[PDB]
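1. coordinates for the following, if possible.
(2 chains, ligands or ions: 3)
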2 protein chains.
Amino acid sequence: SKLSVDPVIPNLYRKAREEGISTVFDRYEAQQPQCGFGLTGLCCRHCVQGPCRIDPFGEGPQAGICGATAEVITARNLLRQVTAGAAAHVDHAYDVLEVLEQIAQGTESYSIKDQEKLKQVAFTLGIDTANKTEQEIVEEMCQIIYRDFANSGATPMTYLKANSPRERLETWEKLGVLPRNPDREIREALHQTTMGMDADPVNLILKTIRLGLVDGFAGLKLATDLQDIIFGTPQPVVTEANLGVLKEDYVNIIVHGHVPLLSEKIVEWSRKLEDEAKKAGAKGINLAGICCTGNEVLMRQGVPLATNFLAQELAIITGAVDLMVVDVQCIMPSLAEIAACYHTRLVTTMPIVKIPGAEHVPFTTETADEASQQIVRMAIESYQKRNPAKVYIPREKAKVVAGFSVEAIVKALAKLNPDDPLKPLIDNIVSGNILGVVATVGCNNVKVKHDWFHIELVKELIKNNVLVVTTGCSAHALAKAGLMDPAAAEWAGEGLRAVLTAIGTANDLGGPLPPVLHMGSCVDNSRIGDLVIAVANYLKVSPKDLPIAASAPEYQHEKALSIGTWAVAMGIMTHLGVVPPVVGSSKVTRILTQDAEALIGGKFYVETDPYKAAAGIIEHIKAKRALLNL
Amino acid sequence: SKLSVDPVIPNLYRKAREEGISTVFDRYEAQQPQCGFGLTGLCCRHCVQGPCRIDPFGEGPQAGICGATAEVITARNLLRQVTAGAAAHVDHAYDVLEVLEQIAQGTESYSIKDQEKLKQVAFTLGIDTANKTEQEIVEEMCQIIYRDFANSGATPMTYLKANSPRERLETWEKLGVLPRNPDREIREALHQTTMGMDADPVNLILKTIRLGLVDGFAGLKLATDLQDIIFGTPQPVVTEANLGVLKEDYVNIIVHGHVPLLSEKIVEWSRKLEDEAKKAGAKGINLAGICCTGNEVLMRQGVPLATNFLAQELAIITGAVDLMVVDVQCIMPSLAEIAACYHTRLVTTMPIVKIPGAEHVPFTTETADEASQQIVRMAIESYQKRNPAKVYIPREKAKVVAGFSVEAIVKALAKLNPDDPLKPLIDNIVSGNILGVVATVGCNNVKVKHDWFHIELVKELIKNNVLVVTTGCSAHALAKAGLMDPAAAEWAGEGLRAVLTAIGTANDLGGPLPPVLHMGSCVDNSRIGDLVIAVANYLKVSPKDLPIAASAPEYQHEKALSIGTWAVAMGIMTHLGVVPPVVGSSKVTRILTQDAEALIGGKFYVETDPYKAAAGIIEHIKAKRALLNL
Ligand code: SF4
Ligand code: SF4
Ligand code: SF4
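-> Numbers count the residues shown, from 1 in each chain, chains lettered A, B, ... in the order given. Ligands and ions are numbered 1, 2, ... in the order given. What follows is the structure:
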């Protein structure tokens, strides 16, 4: 029970140990104690003269072989890892961009499922949609976006300019952190982190901010916009979470990864090939999602969430996973060893991600339907070899109400006020019924008790009338904890509980809205950004003035560093539950946590205790409230 | 003595030690012993769950926290670092591309100084040279190149396809390693190295090969082409090397870095402002070059080479360096603390490379002349403040003949055979007078006795009648040792000495050709590639079959890893004199040293001893000679 607060973990972990299967919790214990030079950021291997390390306490070397000090080594490493997290989101968004162009060229595998989103995004990009066919609007949209990936001049990329408020554009301009072309910025910054380059810690951090902007607008914002257009804007849905949503009677297919280009097709063809599953001796095809692609088909298709990042291995330990299909990012390579001990088939689909011991099924837009059919047909084959003596499906599962895109939030608020939908939300923030709103994002990290920080932070926040929106694996944690159940409004403060109830009864939902609003996947952090921009514009202020905060309680991936930097660049104080590899430098840590506030509005807040973090986040919100004369 | 074979280092080191200035040799001593996990490549920090380390002897954990094994950790790290080195050369070649585009738009800072190179490259790119103007050709050339940085399709790079033999194009197509877009391949590969991505070591190395092809054709080849066009193809020159080229009576300005867009303008405006130095009480303005940018002004302006990478700090220790101007790459940040102890002014010029303590003069195309005029004037100001009591200029220097571009080599060969200029070189290879030709490239590395590996490897090679071409800091080492002196032919084998004499007097040089051919900077390693391609086509054969080999005796930068991967991609066995962070995994090391030969023809060869490496590189050529039956 010391591993996690998720109730299903101990039994599934003990079941894995009895079978001699290595889990993420065992490999961490085997690494402790971890290297102190790497944890603090005082180790450098950016050239083959290294490794070089720096003694923070003044006895060993105070510079690398090239002469890099702690302020250089730490800041240079932060820029390279933020650049890498940005490259992940950009390459993700770029993948969806290819399908949008393939829709413009007339493909039958995908289509424009949300023309309302198309007209709205096209209007944001400056496209005049009058007298234009849908195919001409998609054609012109792809041309504008590709020009960002081809821009060779000093012009800021269009997808940033069209989606950012004016005050942010002026602040980023006077700091010189505006990105011009996402691919070019990734190449320039990666060049800037090679040996014998930038030795200015401020100039490096100023470039780290620019790649956070690349990540937020060429990665998060672009992906969410195009994914809503192609697959539909999420609207409120009811379903369940945690590994109890697996069914022994059904064929169990788990989708894992990030890009819904694969998981939407698996959901489509799981429904159409369900007769073949019954002919094999099963009630149907049960679908569950792990990580962000699980959040995608949760927000659009109501597919229940299996589990988050740290417990992806234990999903197969249930013995009921017949197939797990996978694309990119956050896929533990250990799943091949774990699926080898079972009938479970692990399937990889992307050319840049292969796992020895996993069947590779090439998935392209041309072959999306036939590759999807083969994958679930492999799962129907795999269901019949299942060993019932090795299945253990936990009883724990929680009710979740998700699908809260900005479009869905406005529609729910329009029941109270049709002309000014944000006004009921803003008036209650002003009155004090809602102290502030906090975005809890990020992954799981074995250094933190699994889901423990996510849940403990949010419970302390909603108790103080602090609305919580969430994405990614932080959303999985709050989902399995029952905090997206409408019944959880009892755990929120009376001011917040009244507002949640008022919105719920005005939508004829019977009960109140849950205290935690699920706003989608990691890329759907752009929705959160779009929301606080809309709130700030309503109040005639900047997001740096809003009584808000962001938090990554258990982050692990380089994508979280980029997102955190993006939120900092957006003017939002960003809390970090895990110690970043930067604390070895006094200057860099002071810049990222104090100097950044006067520079750009936001700052990082490092706090490993959930209760200390919650108290600090609430004090930051009250400070913003006091400056707003509330 | 123990530190270096460069004769000027010990006295300059003791002079720095006397003054209390820590050098690169000092900081390397303070790091010993270095972490065994990083040295072997068995340490990962690609996520904030780390650092994860694996025992090289295989005792403790053998998988990372995410489950990544030693094969995944080393190969994933190798791809990220090769991708990092590819972004350095691509960003270099991209800066020269912007200048070429400005010439098409009518700038007065630069122009086409070698119209014949321009017309030869235009023909290679498919441009019909005749009956169109120079501005037309430049504009047509720029659009073809920017298309490569904008290609969203599966079509290979135009710059790779136009400069590759058909066998390499066919071999790379089967391996799926053809690059499409240099900027996109960096983003996609950097994405492929984040956590939870590719777990296939072979698939990761196949992408490393692709990023080597990005580095060679979108970085090395593109830079060398457009720099010859803008500044002139190098032709044979006579000059000097080593730190004896600093003169106490002159204003000594050292250019340091890699991009000749700055050093060419400094050379231009150091001559035009010569009178202001004489008015300041000086004999004139003496220019010397450190690292690759010194090689650039060496090949085109005859500027002497001051020193290479490891001894860049000791140049300021001579007390005569009045100003050191710097752009990008391989710049030790310790230079600011060392210049702070002198009148020397360190000057940074590029926005991605600033160094606290060094003055910053922003260098752009439209302000190239103005910024250059300002910079040498700063040196004239600093000269008048030079302390003569702390000046110690070594007397050692060497006679250097360089400028051996592919164009310069063939016309020196055209004197011996005007109709078929390459015939004398080919016939002496098939006869045995030249056993083969070997390229020595790369930087310095404090892990190796300074220049000891470079010189020792070349002495035995030319002794065995192996012609040697070199670039980068390997060229600096051989230049200071007098191996580019015509007298050094005496050290070459008796069979190889004859062809050197038959080329010198045939060009009315009198002195025999040096056994070492300086072919330029590290981007000028494409010249070596252009020569190998020409030689292989003359023999109707693939470069993997030529009696050739490459060597990085003392590499350190990630740019050398990229170039080494490009050489291996060119079918050339690449020797490595420094242990790469890869040996911790036997499977990955065996793929790079053995399995790669069957796939692509080339392979890496790790050998820390110069005599065993020489014997091994020599033992590799006769085997290739036997396969040709010579
Ligand atoms: S860049 Fe400097 S600190 Fe980093 S590994 Fe190389 S020598 Fe060491
Ligand atoms: S972080 Fe650095 S010092 Fe620590 S194990 Fe890794 S290579 Fe060694
Ligand atoms: S990627 Fe895997 S091996 Fe690397 S630090 Fe993260 S958990 Fe460890």
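
2. in the stretch 451-600 of chain A, which spans are helices?
-> A:452-463, A:472-480, A:494-506, A:525-538, A:558-569, A:586-590, A:596-600 (DSSP state H, counting those that start in this stretch).

3. what parts of chain A come near ligand 1?
-> A:44-47, A:49-50, A:52, A:64-66, A:68, A:73, A:195 (CB under 6 Å from any ligand atom). Yep, even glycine has a C-beta here, placed from its N, CA and C like the rest.

4. and if we set it to 5 Å?
-> Counting by CB under 5 Å from any ligand atom, chain A comes close to ligand 1 at A:44, A:46-47, A:49-50, A:52, A:64-66, A:68, A:195.

5. filter these to the buried ones?
-> Taking 16 or more other CB atoms under 10 Å in any protein chain shown as the criterion, what is buried in those is A:44, A:46-47, A:49-50, A:52, A:64-66, A:68, A:195.

6. and the residues you listed near chain B, which?
-> When contact is defined as CB under 8 Å from any CB of the partner chain, these meet chain B at A:46-47, A:49-50, A:52, A:64-66, A:68, A:195.

7. could you dump the helices of the stretch 451-600 of chain A into TSV and include mean neighbour count and distance to residue B:591?
-> TSV is the format used below for the helices of the stretch 451-600 of chain A (neighbours: other CB atoms under 10 Å in any protein chain shown; distance: least, CB to CB, whole Å):
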stretch	mean neighbour count	distance to residue B:591
helix A:452-463	24	41
helix A:472-480	33	34
helix A:494-506	19	58
helix A:525-538	22	38
helix A:558-569	30	26
helix A:586-590	18	38
helix A:596-600	17	44
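
8. of all these, which one comes closest to residue B:147?
-> Counting by CB to CB, residue B:147 lies closest to helix A:558-569 out of those; the figure is 28.8 Å.

9. can you pull up the most central residue in chain A?
-> Residue closest to the mean C-alpha point of chain A, counted by CA atoms, centre = their mean, is residue A:522 at 1.7 Å.

10. how far away is that one from residue B:190?
-> Using CB to CB, to the nearest Å, we find residue A:522 at a distance of 17 Å from residue B:190.

11. returning to that earlier point: columns distance to residue A:337 on top of the helices of the stretch 451-600 of chain A, output as a markdown table?
-> Listed next are the helices of the stretch 451-600 of chain A as a markdown table, based on distance: least, CB to CB, whole Å:
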| stretch | distance to residue A:337 |
| --- | --- |
| helix A:452-463 | 27 |
| helix A:472-480 | 22 |
| helix A:494-506 | 44 |
| helix A:525-538 | 32 |
| helix A:558-569 | 24 |
| helix A:586-590 | 38 |
| helix A:596-600 | 42 |
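
12. one step back: skipping adjacent residues, who's closest to the residue nearest to the centre of chain A in space?
-> In space, and not counting its chain neighbours, residue A:522 is closest to residue A:472: 4.5 Å by CB to CB, 6 or more residues apart in numbering or on different chains.

13. contact partners for the one you found?
-> By CB atoms under 8 Å, 6 or more residues apart in numbering or on different chains, the contact list for residue A:472 reads A:291-292, A:295, A:441-443, A:521-522, A:525.

14. same check, this time on residue A:412
-> A:236, A:503, A:507, A:513 are the contacts of residue A:412 under CB under 8 Å, 6+ apart.

15. farthest pair in the residues you listed?
-> Farthest-apart pair in those is A:236 and A:503; separation 11.0 Å (CB to CB).

16. the residue nearest to the centre of chain A and residue A:562 touch, don't they?
-> No. Here residue A:522 lies out of contact with residue A:562, judged by CB atoms under 8 Å, at a distance of 9.9 Å.

17. between these two, which contacts overlap?
-> residue A:89.

18. what's the neighbour count on the closest residue to chain B within the stretch 501-630 of chain A?
-> Distances between the stretch 501-630 of chain A and chain B by CB to the nearest CB are smallest at residue A:556, namely 4.8 Å. Neighbours of residue A:556 under the rule other CB atoms under 10 Å in any protein chain shown: 28.

19. ok, it to residue A:337 distance?
-> 20 Å.

20. who touches the residue of the stretch 501-630 of chain A at minimum distance from ligand 2 in this structure?
-> In the stretch 501-630 of chain A, the residue that lies nearest ligand 2 is residue A:581 (8.9 Å; CB to the nearest ligand atom). Neighbour list for residue A:581: A:38-41, A:74, A:77-78, B:45, B:48 [criterion: CB under 8 Å, 6+ apart].

21. from those residues, which are also near ligand 2?
-> residue A:38.

22. from the contacts of residue A:581, which is closest to ligand 2?
-> Nearest to ligand 2 out of these is residue A:38 (CB to the nearest ligand atom; 2.9 Å).

23. is it correct that the closest one is in contact with residue B:49?
-> No. When contacts are counted by CB under 8 Å, residue A:38 is not listed as touching residue B:49 (11.1 Å).

24. close to chain B, is the host helix or strand of residue A:10?
-> Per DSSP states H and E, residue A:10 falls inside helix A:9-18. No. Legend: contact between helix A:9-18 and chain B by CB under 8 Å from any CB is lacking; minimum distance shown is 13.0 Å.

25. dump that helix to PDB, restricted to CA.
-> C-alpha atoms of helix A:9-18 as PDB (Å, rounded to 0.1, in the frame of the first residue of the first chain):
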ATOM      1  CA  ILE A   9      -2.200  -1.500  -7.400                       C
ATOM      2  CA  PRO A  10      -1.200  -3.600  -4.300                       C
ATOM      3  CA  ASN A  11      -3.000  -6.800  -5.400                       C
ATOM      4  CA  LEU A  12      -1.900  -6.500  -9.100                       C
ATOM      5  CA  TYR A  13       1.700  -5.700  -7.900                       C
ATOM      6  CA  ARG A  14       1.700  -8.700  -5.600                       C
ATOM      7  CA  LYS A  15       0.300 -10.800  -8.400                       C
ATOM      8  CA  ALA A  16       3.200  -9.500 -10.600                       C
ATOM      9  CA  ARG A  17       5.900 -10.300  -8.000                       C
ATOM     10  CA  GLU A  18       4.600 -13.900  -7.500                       C
END
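
26. check whether the helix or strand that that helix is followed by contacts ligand 3.
-> Next helix or strand after helix A:9-18 toward the C-terminus (DSSP H and E): helix A:24-29. No. Helix A:24-29 stays clear of ligand 3 (CB under 5 Å from any ligand atom), getting no nearer than 8.1 Å.

27. mind giving me the packing neighbours of whichever strand or helix holds residue A:120?
-> Assessed by DSSP H and E, residue A:120 sits inside helix A:115-124. Here helix A:115-124 touches helix A:134-150, helix A:221-231, going by 3 or more CB pairs under 8 Å, 6 or more residues apart in numbering or on different chains; DSSP states H and E.
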